[PDB]
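The structure under discussion appears below in the form of structure tokens.
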């Protein structure tokens, strides 16, 4: 089942009394129809943010931004694939020595690396906008629907992957922790694999800058927990990989005998 | 019986009158409930240092540091054992001379000695922190409990053992003397063995630097006293070993006939 097939958050249209109640409100607003009205006090007008119309409108804005960021990554890979194909298929009439071939290859790598970093930053901008649109949906009931969770995981997953490619490891930690709190996302080993690297980066920075010992241990403890969890999720418990990790964790961690 | 099994100093929870006194104070503190209060005069809040909550909190901090220091020492021996195992099992395709094997061996000894001292220094910092935590437990009654004496000896013993390895012998004298004043640690021959070496170091320094003669004798006398006591505690009085030490000490000391 595809949760984003219809491109909507909650379908809005049953009680006879409720239909009667809605009818009189419609007539009341007809009497006071004033498109030029602007409420001095915004408290009443801000109640619209809890409506289904606001959530549906915000959902498509976040959906559109998510799609735009996805296109940026996909087109970048397609262009890079095409670029190497065209570079290899063109003739080199002045290329006869091996060190010339090495130098040409390094030029291609710089071009490819340059465009990948440029694409990642553009895609992250769309994902960051997609995050902001979803964070202003203040209705708790609409936040638990499968459609909301489907997009929120996809937005977080793409954002974390792109932010990791930009070497922004510390900024990936808060999104990853919110990621594993949705449905059964905690059971996915890739989500725990990144947290292993993300906390390892934090641990090195505290050690490199000679930071507080309390922060050093908290990051070191968090690093092993998600590193061990990923080993269990991908290779299984009591596996040879699991046994190897425990020895590494135990040697690194502090134990009392 | 393990005094550190529960990891606490004194278990905190009976008289009807006392239960009434505790009731009225709790009511009074509710009236003046103000989490932002900060006492301008520190004398009254400093009385919290005599509480059981403070002593338990300090005891657990010292316990945490003691465990970390022992982990530092123990993990190092695990690494040293593993390092020697890995070195012997790797292939040496470019080693054919006896002096080459001697040369390769000496590097491993230098690597091992370098890492051991780093572990000893790292563990010593944990023990010195553990020592400081216990010193600010100001309640004499809580200092006589078996749990406190159990941890105090263990912290002192590890700190003394580590500091001797860093060749800082004169620093072990004050800690060793406080060690043999707790329970029946005075009957341990290792305690008096260390004091014999430590006071010998002090005797040489006075002799070498040509210090006062009075300090030369005092370090010499203290050296002999603990040297003889260690011999007695291990091999027994009127033993062949004990007779050997008495001949040495009498020859070394100055006597009048």
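Derivation of every value follows stated rules applied to the coordinates shown; laboratory data play no part. Here the Cβ is made from the backbone with ideal geometry for all residues, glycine too, and neighbour counts use every protein chain on show.
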Looking at (1) surrounded by fewer than 14 Cβ atoms within 10 Å (Cβ to Cβ); (2) within 27 Å of residue B:58 (Cβ to Cβ), can you tell me which one residue B:99 breaks? (2)
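Residue-wise test of (1) touching a helix residue (DSSP H, G or I) at 6+ places or on another chain (Cβ under 9 Å); (2) within 12 Å of another protein chain (Cβ to nearest Cβ).
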| position | (1), (2) |
| --- | --- |
| B:43 | no, no |
| B:46 | no, no |
| B:54 | yes, no |
| B:59 | yes, no |
| B:72 | yes, yes |
| B:79 | yes, yes |
| B:82 | yes, yes |
Matching residues in segment A:215-247 - criterion: being surrounded by fewer than 14 Cβ atoms within 10 Å (Cβ to Cβ) and within 12 Å of chain B (Cβ to nearest Cβ): A:247
Can you tell me which residue is surrounded by the most Cβ atoms within 10 Å (Cβ to Cβ) among those in segment B:183-214 that are outside any helix (DSSP H, G or I) and under 17 Å from the mean Cα position of the chain (by Cα)? B:188
Selection from segment A:30-52 of residues that are surrounded by 10 or more Cβ atoms within 10 Å (Cβ to Cβ) and part of a helix (DSSP H, G or I): A:45, A:46, A:47, A:49, A:50, A:52
Tell me which residues, restricted to segment B:60-91, are over 17 Å from residue A:250 (Cα atoms) and loosely packed, with under 11 Cβ neighbours inside 10 Å. B:85, B:86, B:88, B:89, B:90, B:91
Which condition number in (1) under 19 Å from residue B:166 (Cα atoms); (2) within 14 Å of chain A (Cβ to nearest Cβ) is the one that residue B:67 fails? (1)
